[PDB]
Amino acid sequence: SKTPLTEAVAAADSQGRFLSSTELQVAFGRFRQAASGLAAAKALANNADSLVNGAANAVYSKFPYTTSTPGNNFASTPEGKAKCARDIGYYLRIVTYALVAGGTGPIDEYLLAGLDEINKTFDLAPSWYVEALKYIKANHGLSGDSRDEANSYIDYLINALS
């Protein structure tokens, strides 16, 4: 869980040192941002129904074959569509955790680790998730610091998928 607070302590500990002015500055940076990061999480959560469903539809729109072509990796069945909906929700939820944490810790742990292996084994196209993530960014309705922090996690994921 890479976060400002844990990283600071992990570093001071690896050096056997007490915390100092540098770590203190890290805390100030942390709390001066956690306010907008926390409010952003609340908002994304309350708009989960429209964000997830809207993103899934944006995916099926840009990739028509995913709903037509039969196959376990596709959403041509209700089972496939449900899994895909599900999948989209995991990304959104894990992104709010990143906002609650003020870092990529939650993303790296529960989502990003082993990602490439999973998309490969189950032949899921990374472009599909890249697009769902663009729809989320488009439609946050967040602004300022909340917007910028959210977008950094959404772009951090877009990068890992390319």
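For every residue, the number given is its place in the sequence shown, counted from 1.
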{"query": "Average Cα temperature factor in the PDB entry - higher stretch of 93-101, 118-126", "finding": "118-126"}
{"query": "Of 16-24 and 136-144, the one with larger mean CA B-factor", "finding": "136-144"}
{"query": "Largest Cα B-factor, entry values, listed residues 45, 56, 35, 107", "finding": "35"}
{"query": "Lowest, middle or highest third - CA B-factor, residue 154", "finding": "lowest"}
{"query": "Third of the chain's Cα B-factor distribution that residue 111 belongs to, per the entry", "finding": "lowest"}
{"query": "Relative C-alpha B-factor of residue 9, binned into the chain's lowest, middle or highest third", "finding": "middle"}
